[PDB]
């Protein structure tokens, strides 16, 4: 049976069930560690937001939801100041969470920091930036250039799982795995940044292990590291990505 590894974390259980039903041997090799940040750890930043900001930049849907809950837990009104700020969403997920919160974004990117550059206004003051654990220097440096002071708001953190990355690297180089699926660009970055031998990892994912990407942003992450994904899903259901891959595999 074709061996398909999964680099995701939150849906590993559904991946396994689906892969098994489709005749694949599933292997779960998460590359990230994620945790909710305790509200008091960043109460200082929420309180600043509550003082009012000129711009609010959301990167994820979960981030927007966690932030509004942090406001309720601290007894702070965030809806008022957020309503007056110019609001930007990096992608569709952050945009929908803002819309659900009754604070629809004024502009939305395509899921990447680069798409937000032409949407960042020249202005002045304070720009609250909702993050999720990984640095976003292109965006953070752009906001400074546009003249804003950045107010970081990190409701939860996604971090690499160093041991998990080294275990997945070993598996890939062992010739154990036929394909590896990534569901987020950060998982591609986590693997390549954490690999002991990234060059040998690129060769592996280009010559013997087929890289599968769920979403164009995850696909472009692989391309940025010199790997052309074998299959790129654009629906975001795993059952669809797996079958799409099944078909493409045979079509060789």
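Cβ placement follows ideal geometry from the backbone for every residue including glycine, while neighbour counts extend to all protein chains displayed. Where a number appears in this text, it was derived from the coordinates with a stated rule and is not lab data.
Stretch residue 193-residue 224 to full length: gain in nm at 0.36 nm per residue minus the Cα-Cα span?
Value of the extension gain: 9.9 nm.
Can you sort 108, 64 so the residue with the fewest Cβ neighbours within 10 Å comes first?
Listed from fewest to most nearby Cβ atoms, that is 108, 64.
Return the percentage of antiparallel bridges among DSSP beta bridges fully within the chain, rounded to the nearest 5 %.
Of the beta bridges lying entirely in the chain, close to 15 percent run antiparallel.
Label-point separation (nm) for residue 166 and residue 117, each offset 7 Å from Cα along Cα-to-Cβ?
About 3.7 nm, to one decimal.
Roughly how tilted is helix 12-21, in degrees to the nearest 10 and between 0 and 90, from the longest Cα axis of the chain?
Tilt of helix 12-21: around 30 degrees.
Any chance you could run the full-extension gain for residue 51 through residue 149? It's 0.36 nm times the residue separation minus the Cα-Cα distance, nm to one decimal.
33.9 nm
When you take every Cα atom in the chain, what is the radius of gyration, and what is Dmax, the widest Cα pair distance, in Å?
Rg then Dmax for the chain, in Å: 19.7, 59.
Divide by every residue of the chain the summed helix terms, -39500 (n - 2.57) for each DSSP H run of at least 4, and state the resulting mean residue ellipticity at 222 nm, rounded to the nearest 500 deg cm²/dmol.
-13000 deg cm²/dmol
What is the gain in length, in nm to one decimal, between residue 237 and residue 100 on full extension, counting 0.36 nm per residue of separation less the C-alpha to C-alpha distance?
47.1 nm
Using the alpha-carbon atoms, what tilt in degrees (0 to 90, nearest 10) does helix 162-174 show relative to the longest principal axis of the chain?
Computed tilt is about 30 degrees.
Rounded to the nearest 10 degrees, what's the angle between the helix 198-207 long axis and the longest principal axis of the chain, both from Cα atoms, 0 to 90?
Result, in degrees: 60.
Compute the relative contact order of region 37-155 as a whole-number percentage, counting only Cα pairs closer than 8 Å that sit 6 or more residues apart in sequence.
32 percent
With a Förster radius of 30 Å, plug the Cβ-Cβ distance of residue 202 and residue 140 into 1/(1 + (r/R0)^6) and report the FRET value to the nearest 0.05.
Efficiency at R0 = 30 Å is approximately 0.60.
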